[PDB]
Amino acid sequence: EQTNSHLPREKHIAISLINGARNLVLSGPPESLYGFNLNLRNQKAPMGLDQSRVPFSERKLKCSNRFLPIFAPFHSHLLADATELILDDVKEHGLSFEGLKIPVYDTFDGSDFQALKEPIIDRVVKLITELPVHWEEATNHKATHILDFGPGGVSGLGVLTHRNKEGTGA
Amino acid sequence: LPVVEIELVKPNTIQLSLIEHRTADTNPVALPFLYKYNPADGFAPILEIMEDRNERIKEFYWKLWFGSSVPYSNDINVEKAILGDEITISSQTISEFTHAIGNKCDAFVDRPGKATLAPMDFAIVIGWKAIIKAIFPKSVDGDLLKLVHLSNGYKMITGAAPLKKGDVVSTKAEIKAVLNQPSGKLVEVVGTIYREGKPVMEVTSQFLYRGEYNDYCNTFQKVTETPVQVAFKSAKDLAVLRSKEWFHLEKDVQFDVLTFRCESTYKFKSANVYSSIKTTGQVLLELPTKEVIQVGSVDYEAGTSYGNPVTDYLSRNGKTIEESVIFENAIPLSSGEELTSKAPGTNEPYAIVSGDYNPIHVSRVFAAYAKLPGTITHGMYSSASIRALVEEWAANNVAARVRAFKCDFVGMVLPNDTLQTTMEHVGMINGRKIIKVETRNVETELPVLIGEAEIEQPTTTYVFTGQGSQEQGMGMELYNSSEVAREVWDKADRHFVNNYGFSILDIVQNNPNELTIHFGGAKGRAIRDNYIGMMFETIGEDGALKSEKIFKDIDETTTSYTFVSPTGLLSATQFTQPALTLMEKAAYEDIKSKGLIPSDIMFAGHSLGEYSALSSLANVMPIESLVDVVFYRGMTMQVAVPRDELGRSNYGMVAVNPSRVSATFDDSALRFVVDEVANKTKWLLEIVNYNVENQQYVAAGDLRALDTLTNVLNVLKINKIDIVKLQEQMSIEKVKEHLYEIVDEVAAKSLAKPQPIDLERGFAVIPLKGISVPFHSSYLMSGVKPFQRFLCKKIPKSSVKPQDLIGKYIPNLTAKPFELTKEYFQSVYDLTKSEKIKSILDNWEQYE
Amino acid sequence: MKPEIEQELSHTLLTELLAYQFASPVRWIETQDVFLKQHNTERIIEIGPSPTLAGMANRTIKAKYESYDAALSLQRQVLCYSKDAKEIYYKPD
């Protein structure tokens, strides 16, 4: 809000992904995000500052922030128009998914896709383009082992999902 | 598809038909070549019919660049400019073009909440079908096929708005240079592109009909001369040029220095003899009112000459008004290899966008016919590439900063080639940055593009210091080092000593404690009369406009007068502020001499720098008037306070830091404090300086109220009881009495010391040491009318060039930018209750 | 407004502006907030003997225009003629 108080809503910044408790992803015009982390570099402190001798409540906030190698303002209003164009391209073809078998938890709502009154594609696109991501809320599991097939691996979603469910025995 | 057709035509004649397809309408067009077959000779069995060859090539290219729509008309006049055609710049064209050049500058991609901008290189897209029509006319007859694009140059008209995505744009271009160089027939065209009639930018292209041509009859050249500034000092000089029959003055006014803005029209008869020269131009005189009036004209006219005499005479006997001031050492903008580009794979995308279907870049067969290394990249593309490069690497991706760009197609680039460019800032012009570039083929290191770009500076603003910062030796290093700066100290002191009897340079250099003016012989009396004539006004209790004398000590008997300042004369207000305005104007002028001043600057000054500002940026007054008004102001505000026996006052000024008192002590805190402490003791006390929020406030008034306040601020600091912290503890009225419980105890102390109370430093108060006049306060409000008189007779109304004041000037009375709107008059009049401005505000309608 | 009408207007307005400036408080805080916000100037060049306004501008930046510059990614560079000779003349070693 400090940052957006200076800019119009076409450069407004919004929360995009919630990767956990202290793991968030912001989206917006790259220069605006640049300014935001500029504010941060002021309100923040270096990592080797040794606040051991100053009591707790009056310590300086410490963080780690850097741009992800992504080249699109996903899960924001910045692509709100692309939603209709993409689903129109869908209507251009026979792109649709039949009834599911394993329940798939929604990312934003957290509900099951088998309980969808709409098709699934029109939902998943609005889910990728505009709506944010509530990951841990979406992965409110009843699960023993978790398999990530995504990219990165040792740097992938697996590691942060691990750190999210550390003591739940998964 | 068929690209080549060789076939017999009517007996013993061959028609080599060279075909090209990718056209305006993709309609295949043929380039008919003719060759005569000769069985008689075998050593040369086939000779090409050379007659009418250029016309066959020209009609081909006409159908190319225009399409079979317009009939090939070769009868184009060279003299008249060539018209273009109104085209609407749409967003789709902009996008296609930017993609074709690979430009990422976000000012051109459509973003919400911001006007879609078009690239400056789009003018050639707008003006090509107008530019190239200049090489078609019959008089310029040559091998159209061996044509080479030599150089291109962009130049935005100073103050022109860059293109938007709705602009209805037309194009007018005229041909300037047609000269048979030893390398061929050069042709230069300049295109003045229009927007609703107003011209926006100029594009200067440069082609070359390579080969050899001796048509010295249809060759010519029109050039505008560099504006030369000739200075006349002796008496022969004025007769020297008056002897020149080509010189012809029409006004019989004396002149010191003259600026010659001229243009010529050459017509050649051989390599170097000029069959005709018509060089007309204007001679201009710079008045002290900064109004430039043409003294006369220049009219030379001759035949079979070897040079333009007017230009030569201007060169050796006068210096030009040069604009490209060069550094002695250029600076590299960025170092490394991050400035590397790559040629496209195919030139067809660029061709279909730029409308340039030149088959040199698209077809192997033509590129081979001209024996050139292959389908080389479009030169215009290579231009726009480096342009978009420097647009971000030199202007930090700010599009509107580039205002002119010119380059020279030194070499050719085949597609897909990787190009590395260097980028260098070498000089300055009109406050915008000169940036020189070289794009060399990185795998061969030979240069390809040597160019030049004029990009703006960051949005700058100039503030000028006020009084209080004075010290001995101001700019004396600059005065000893900068000629143009020395010419303002010398222009000013020799005005002082000849009108007031002292050298300001001596005052600033060896600051003494006293100065004795002497009214000696004739010119001695001719000075003391000036001192006598100074009659200022201080509205007394009578209110009458008492045209009273400043120096009651100077009369028809006083032979000599003495000034005294115990600290040093450089501290006396009437002498310090001339020194300050001189040093500031000297620095400003020396800077401007280097072409360091942007055109969109905003300026202001702090209570003295204001005068040195509107005299510098707006040049409202020459130096001789500026020193007079600043000296008269110093004296007026000086004698304005009734003094003691020593010349000292019961008045003073103090600077306060509202932070050192308490973190809760806001701007409203100390201003409410001044309001109450001045309204109770019925003394005069004002904060006159709003310098820094809660860090620097400077209050003025009688020493009594000043110490009363420097003590209320001490006792509210030791008690930490803030008036704003009483707003939640007390009401609005009972705080007005709460502060009374405190202000009386310290008003007693204000009266407890000798009335000219030497203000002692409070807890968070640092008084103004050295001055005792409460300037910018309503106390001096009486003495304004005489100063207002002095201004309206020292400031020539004709010198006011308001266009540079609107928005660019921030007064200190009204901190919003100067601008002549009715509300602005309202805001200033409700702040000063003037008569002259309210009078014009009532009858405001006399504006449009 | 015809150039002659506005010239009369500008002349009289400027005359009275300077005349009463002599006795009316200098409104420099808001002047700074104008030439820093309404214009967002990058280079602020003070000309004088001592950087009395450079120190008067750095504090204004650090007080009221930090979040504004960060939100807009502006790197305001203050410069005074006293010390910043090489930097204003664009010929710095």
# chains A, B, ... in the order shown; residues from 1 in each chain; ligands from 1

$ interface_residues --of "chain C" --to "chain B" --cutoff "9 Å" --atoms "only C-alpha atoms" --output "PyMOL selection string"
chain C and resi 1-3+5-32+34-35+39-53+56-57+59-60+63-64+81+88-92

$ write_last_selection --atoms "C-alpha atoms" --output "short mmCIF file (atom, residue, chain, number, x, y, z; two decimals), in the first residue's frame"
data_model
loop_
_atom_site.label_atom_id
_atom_site.label_comp_id
_atom_site.auth_asym_id
_atom_site.auth_seq_id
_atom_site.Cartn_x
_atom_site.Cartn_y
_atom_site.Cartn_z
CA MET C 1 -4.22 36.35 -25.08
CA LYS C 2 -2.45 38.37 -27.73
CA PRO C 3 1.34 38.55 -27.23
CA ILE C 5 -1.90 41.60 -23.90
CA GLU C 6 -0.05 38.83 -22.12
CA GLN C 7 3.17 40.86 -22.21
CA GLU C 8 1.45 43.69 -20.36
CA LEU C 9 -0.07 41.17 -17.97
CA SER C 10 3.21 39.35 -17.40
CA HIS C 11 5.13 42.59 -16.93
CA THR C 12 2.78 44.02 -14.33
CA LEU C 13 2.44 40.68 -12.57
CA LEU C 14 6.19 40.17 -12.38
CA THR C 15 6.77 43.72 -11.19
CA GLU C 16 4.32 43.34 -8.33
CA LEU C 17 5.59 39.83 -7.60
CA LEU C 18 9.13 41.05 -7.06
CA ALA C 19 7.95 44.17 -5.23
CA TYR C 20 5.98 42.29 -2.60
CA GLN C 21 8.42 39.38 -2.45
CA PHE C 22 10.62 41.95 -0.77
CA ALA C 23 8.23 42.02 2.20
CA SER C 24 6.30 38.74 2.03
CA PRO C 25 7.54 35.46 3.53
CA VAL C 26 9.45 33.15 1.21
CA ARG C 27 7.39 29.99 0.68
CA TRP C 28 10.29 27.64 0.05
CA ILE C 29 8.97 24.37 1.49
CA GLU C 30 6.08 24.39 -0.95
CA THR C 31 8.42 25.62 -3.69
CA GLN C 32 10.50 22.51 -3.12
CA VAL C 34 6.44 21.91 -6.41
CA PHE C 35 9.70 21.45 -8.24
CA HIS C 39 7.82 18.27 -12.01
CA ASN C 40 9.80 15.32 -10.60
CA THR C 41 13.10 16.91 -11.50
CA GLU C 42 16.08 14.58 -11.39
CA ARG C 43 19.07 16.92 -11.28
CA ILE C 44 18.69 19.83 -8.88
CA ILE C 45 21.54 22.28 -9.48
CA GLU C 46 22.14 24.97 -6.88
CA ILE C 47 24.32 27.89 -7.95
CA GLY C 48 25.97 29.95 -5.26
CA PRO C 49 28.88 30.18 -2.87
CA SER C 50 27.81 27.32 -0.60
CA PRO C 51 25.29 24.50 -0.96
CA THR C 52 22.74 26.13 1.31
CA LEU C 53 19.95 24.69 -0.83
CA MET C 56 18.06 22.24 2.03
CA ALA C 57 17.02 19.72 -0.62
CA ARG C 59 16.63 16.81 3.87
CA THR C 60 13.41 17.46 1.95
CA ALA C 63 11.73 13.65 4.73
CA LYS C 64 8.85 13.85 2.26
CA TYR C 81 28.15 24.72 -8.08
CA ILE C 88 27.68 19.79 -13.62
CA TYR C 89 30.10 20.43 -16.46
CA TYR C 90 29.74 16.82 -17.70
CA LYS C 91 33.54 16.71 -17.87
CA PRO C 92 34.36 14.77 -14.75
#

$ residues_around --residues "residue 736 of chain B" --least-positions-apart "3" --cutoff "10 Å" --atoms "only C-alpha atoms" --output "number ranges by chain"
B: 672-673, 676, 723, 730-733, 739-741

$ interface_residues --of "chain B" --to "chain A" --cutoff "12 Å" --atoms "only C-alpha atoms" --output "PyMOL selection string"
chain B and resi 106+111-114+397

$ write_last_selection --atoms "N, CA and C atoms" --output "JSON list (two decimals), in the first residue's frame"
[["chain", "number", "residue", "atom", "x", "y", "z"],
["B", 106, "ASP", "N", 8.98, 0.67, -24.23],
["B", 106, "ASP", "CA", 7.60, 0.52, -23.82],
["B", 106, "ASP", "C", 6.73, 1.72, -24.18],
["B", 111, "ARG", "N", -0.04, 0.61, -23.59],
["B", 111, "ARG", "CA", -0.27, 0.39, -22.18],
["B", 111, "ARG", "C", -1.44, 1.24, -21.72],
["B", 112, "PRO", "N", -2.27, 0.72, -20.82],
["B", 112, "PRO", "CA", -3.41, 1.50, -20.34],
["B", 112, "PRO", "C", -2.95, 2.68, -19.50],
["B", 113, "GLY", "N", -3.72, 3.75, -19.55],
["B", 113, "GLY", "CA", -3.40, 4.94, -18.80],
["B", 113, "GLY", "C", -2.21, 5.72, -19.31],
["B", 114, "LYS", "N", -1.87, 5.60, -20.59],
["B", 114, "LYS", "CA", -0.73, 6.31, -21.14],
["B", 114, "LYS", "C", -0.89, 6.38, -22.65],
["B", 397, "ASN", "N", 16.23, 4.25, -21.61],
["B", 397, "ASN", "CA", 14.92, 3.81, -22.09],
["B", 397, "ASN", "C", 13.85, 4.87, -21.90]]

$ interface_residues --of "chain C" --to "chain A" --cutoff "12 Å" --atoms "only C-alpha atoms" --output "JSON, numbers by chain"
{"C": [37, 62, 65, 66, 67, 68, 69, 70, 71, 72, 73, 74, 75]}

$ atom_distance --atom1 "atom CA of residue 476 of chain B" --atom2 "atom CA of residue 489 of chain B"
9.9 Å

$ atom_distance --atom1 "atom CA of residue 589 of chain B" --atom2 "atom CA of residue 616 of chain B"
7.5 Å

$ closest_residue --among "A:112, A:84, A:148, A:89" --to "residue 161 of chain A" --atoms "only C-alpha atoms"
A:148

$ select_by_dssp --residues "chain C" --states "helix (DSSP H, G or I)" --output "PyMOL selection string"
chain C and resi 3-21+28-38+54-64+66-72+85-88

$ select_by_dssp --residues "chain C" --states "strand (DSSP E)" --output "count of residues only"
9

$ atom_distance --atom1 "atom CA of residue 30 of chain B" --atom2 "atom CA of residue 87 of chain B"
29.0 Å

$ closest_residue --among "C:33, C:87, C:78, C:93" --to "residue 55 of chain C" --atoms "only C-alpha atoms"
C:78
